[PDB]
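For reference, the structure discussed in these notes is given below.
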Amino acid sequence: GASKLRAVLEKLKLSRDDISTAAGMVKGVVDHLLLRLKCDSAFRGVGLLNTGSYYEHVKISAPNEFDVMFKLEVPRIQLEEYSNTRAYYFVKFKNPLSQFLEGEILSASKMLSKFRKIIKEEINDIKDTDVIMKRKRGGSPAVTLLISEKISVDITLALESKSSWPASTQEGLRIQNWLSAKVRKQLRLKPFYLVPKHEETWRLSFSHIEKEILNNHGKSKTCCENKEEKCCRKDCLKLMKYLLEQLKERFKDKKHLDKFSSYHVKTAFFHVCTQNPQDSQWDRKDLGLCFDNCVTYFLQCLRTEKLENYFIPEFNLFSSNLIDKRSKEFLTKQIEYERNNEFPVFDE
Ligand SMILES: CCCc1cc(=O)n2nc(NCc3cc(-c4ccncc4)ccc3Cl)nc2[nH]1
Ligand SMILES: [Zn+2]
C-alpha cells in the first residue's frame, strides 16, 4: 500500500549524499572540459545547458550514471525534415561551423568527430582523477566518461536554435489544461536544441523544458511551496523510474528489458500529468492511487503498443521498429504482476 511506497521513497533518500558527491566529481570534469572546448574556434561559444538538479548542469539518469549537455549557439538555422520521420532533420544555414558544411548542409558526424577528439585528448592530459572514455552504441550520447571506475557520464553536444519550434511540435506539449495556455506559449518562446542522432541527421531535444515542468509542476503556482499544497508528482515519477530500474536488475545476464529507459517512464508520467491536471488529483496523501494511475497508463501504452513523444505526438516510442513486440509483452507481464500484488519487487 501507500506506506510501503513511502518507505521506498524514504530508502531512496538515504543515497542523497552519495549522489551529490558523484555529481560533484562529474561537475569538476565537465568544467575542465568546458575550458578546453572554448579554445577551439568551432566550439568557442559552447556552454553547459541547464538540465539537471545538481548545480544546474548534472542530470541524474540512473544510480551511478549522469547526463550533461553542452549547448552551442548557432544562428540562422534552417531545418529540412528527413522523410516523414517528424523527429529527424538536416541542418542548413541561410560562421565558425563552416568546416563541417557539406554543400548547404551541416554534417553531424564531422562535427561530432572533432568533438570526441578534443575530449579524448583532454581526458588523458590532466589526471588528478581516474578518467577514462567509452563509446556507447548510440551516437545520441556523444561521449561517455568513466570516473573513479564507478561514475559514468554521458556528454551530448546540442545546437541551440532560437527559432520558432518546428511544425511537427505544433500539437505537442499538451499542457494547456494543466499548466495553462499562457505557460505553453511562454515555453514555446524558449530555444530548442538539436542533437546528432542517427545519414547526417539531427534529432530535436527539449531537456530544458523537462526540467522546467518538473520543478514548476502544479496547476497552482505555489504547488509544493507551503504545507497546504504538498503534491506527490515528483515522488510518483521517482517510484516509476525505480520500478523500471529494479525490474531491469533482475535480467542482468539476458538484458531482456534493455530497450526500456527512464526516458520512456518520464514520457508516460507527463502524459498522466496532462490527463490529471488538478493538484487535487496528486494529493500527497493519495500517493498509492496516484502511483497506480501512472502504472496503469504505462501498462496501457505497452498493451496498445503506443507511447507518443510528448513534443511530437506522431512519433511513437513503442513502435515495433523501435521496441520488439515480445519485449513489450514481457514487460507488460512483469508490471501487471507487480501491480496486482502490491509491488512485491519493493518488499524488504
Ligand atoms: C518531457 C518529456 C520527456 C522528453 C524530454 C526531452 O528532452 N525530449 N526531447 C524530445 N525530443 C523529441 C524526440 C526525442 C527522442 C528521444 C529518444 C531517446 N532519447 C531521448 C530523446 C525521440 C524522438 C523524438 Cl521526436 N522529446 C523529449 N521528451
Ligand atoms: Zn507540487
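Residues in the C-alpha cells are named by chain (A, B, ... in the order shown) and by number from 1 within that chain; ligands are numbered from 1 in the order shown.
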
Would you pick out the contacts of segment 231-234 of chain A at 6 Å or less, using only C-alpha atoms, so that residues sharing its chain but fewer than 2 positions from it are not included, and give the list as an NGL selection string? :A and (236-237 or 282-284)

For the structure I just gave you, how does DSSP split segment 161-311 of chain A - specifically, which residues are alpha helix (DSSP H)? Reply as a compact mmCIF listing (two decimals) with C-alpha atoms, in the first residue's frame.
# COMPACT_ATOMS: atom_id res chain seq x y z
CA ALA A 181 -2.10 28.24 -22.32
CA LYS A 182 -0.06 31.18 -21.02
CA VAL A 183 2.66 28.80 -19.82
CA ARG A 184 2.53 26.79 -23.06
CA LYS A 185 3.11 29.99 -25.06
CA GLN A 186 5.98 31.06 -22.77
CA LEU A 187 7.74 27.69 -23.04
CA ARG A 188 7.49 27.62 -26.83
CA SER A 207 15.77 18.65 -21.95
CA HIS A 208 15.47 22.22 -20.67
CA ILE A 209 11.67 22.05 -20.90
CA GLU A 210 11.52 18.78 -18.94
CA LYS A 211 13.41 20.39 -16.05
CA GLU A 212 11.14 23.46 -16.13
CA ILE A 213 7.86 21.49 -15.99
CA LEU A 214 9.19 19.10 -13.31
CA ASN A 215 10.28 21.91 -10.98
CA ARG A 233 4.00 14.32 -8.64
CA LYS A 234 7.79 14.15 -8.20
CA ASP A 235 7.52 11.11 -5.93
CA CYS A 236 5.37 9.28 -8.47
CA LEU A 237 8.00 9.88 -11.17
CA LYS A 238 10.73 8.64 -8.80
CA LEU A 239 8.77 5.48 -7.99
CA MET A 240 8.13 4.80 -11.69
CA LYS A 241 11.83 5.14 -12.56
CA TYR A 242 12.82 2.94 -9.64
CA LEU A 243 10.24 0.30 -10.60
CA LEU A 244 11.80 0.03 -14.05
CA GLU A 245 15.33 0.03 -12.61
CA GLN A 246 14.51 -2.76 -10.18
CA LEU A 247 12.84 -4.88 -12.86
CA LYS A 248 15.81 -4.43 -15.21
CA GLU A 249 18.21 -5.50 -12.45
CA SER A 262 13.73 6.33 -17.86
CA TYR A 263 13.00 8.40 -20.97
CA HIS A 264 10.01 6.10 -21.65
CA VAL A 265 8.88 6.31 -18.00
CA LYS A 266 9.19 10.11 -17.97
CA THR A 267 7.16 10.42 -21.18
CA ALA A 268 4.30 8.33 -19.79
CA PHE A 269 4.37 10.22 -16.48
CA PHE A 270 3.99 13.62 -18.19
CA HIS A 271 1.06 12.23 -20.23
CA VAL A 272 -0.52 11.31 -16.89
CA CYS A 273 0.00 14.88 -15.68
CA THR A 274 -1.84 16.04 -18.81
CA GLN A 275 -4.67 13.59 -18.10
CA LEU A 287 0.37 8.51 -3.12
CA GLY A 288 -0.89 4.95 -3.64
CA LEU A 289 -3.71 5.94 -6.02
CA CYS A 290 -1.51 8.39 -7.94
CA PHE A 291 1.22 5.78 -8.42
CA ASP A 292 -1.44 3.33 -9.63
CA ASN A 293 -2.61 5.98 -12.16
CA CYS A 294 0.94 6.17 -13.53
CA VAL A 295 1.44 2.41 -13.64
CA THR A 296 -1.96 1.82 -15.22
CA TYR A 297 -1.28 4.32 -18.03
CA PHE A 298 2.16 2.82 -18.69
CA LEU A 299 0.53 -0.62 -18.93
CA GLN A 300 -1.97 0.81 -21.41
CA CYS A 301 0.86 2.20 -23.55
CA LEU A 302 2.55 -1.22 -23.52
CA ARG A 303 -0.63 -3.08 -24.48

If you run DSSP on the backbone here, which positions in segment 55-298 of chain A get strand (DSSP E)? Please write them as an MDAnalysis selection string. chainID A and resid 59:62 65:73 77:81 88:93 101:102 105:106 131:134 143:147 151:161 192:195 202:205

- Pick out the closest residue to ligand 2 from this set: A:51, A:152, A:220, A:95. Count only C-alpha atoms and all ligand atoms.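 Residue with the minimum atom-to-atom distance to ligand 2: A:220.
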
Neighbours of ligand 2 at 6 Å or closer, counting only C-alpha atoms and all ligand atoms: which residues, as a PDB file with N, CA and C atoms, in the first residue's frame?
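Once written, result.pdb looks like this:
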ATOM      1  N   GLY A 218       2.823  22.367 -10.756  1.00  0.00           N
ATOM      2  CA  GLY A 218       1.449  22.378 -10.321  1.00  0.00           C
ATOM      3  C   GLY A 218       0.565  23.238 -11.190  1.00  0.00           C
ATOM      4  N   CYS A 223       2.156  25.347  -5.774  1.00  0.00           N
ATOM      5  CA  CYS A 223       2.255  23.898  -5.518  1.00  0.00           C
ATOM      6  C   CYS A 223       3.605  23.563  -4.889  1.00  0.00           C
ATOM      7  N   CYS A 224       3.590  22.813  -3.780  1.00  0.00           N
ATOM      8  CA  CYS A 224       4.785  22.416  -3.025  1.00  0.00           C
ATOM      9  C   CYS A 224       5.589  23.597  -2.420  1.00  0.00           C
ATOM     10  N   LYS A 230       1.022  20.268  -0.764  1.00  0.00           N
ATOM     11  CA  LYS A 230       2.045  19.248  -0.977  1.00  0.00           C
ATOM     12  C   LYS A 230       1.490  18.157  -1.886  1.00  0.00           C
ATOM     13  N   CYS A 231       2.002  18.068  -3.111  1.00  0.00           N
ATOM     14  CA  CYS A 231       1.559  17.016  -4.037  1.00  0.00           C
ATOM     15  C   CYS A 231       2.616  15.921  -4.150  1.00  0.00           C
TER      16      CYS A 231
END
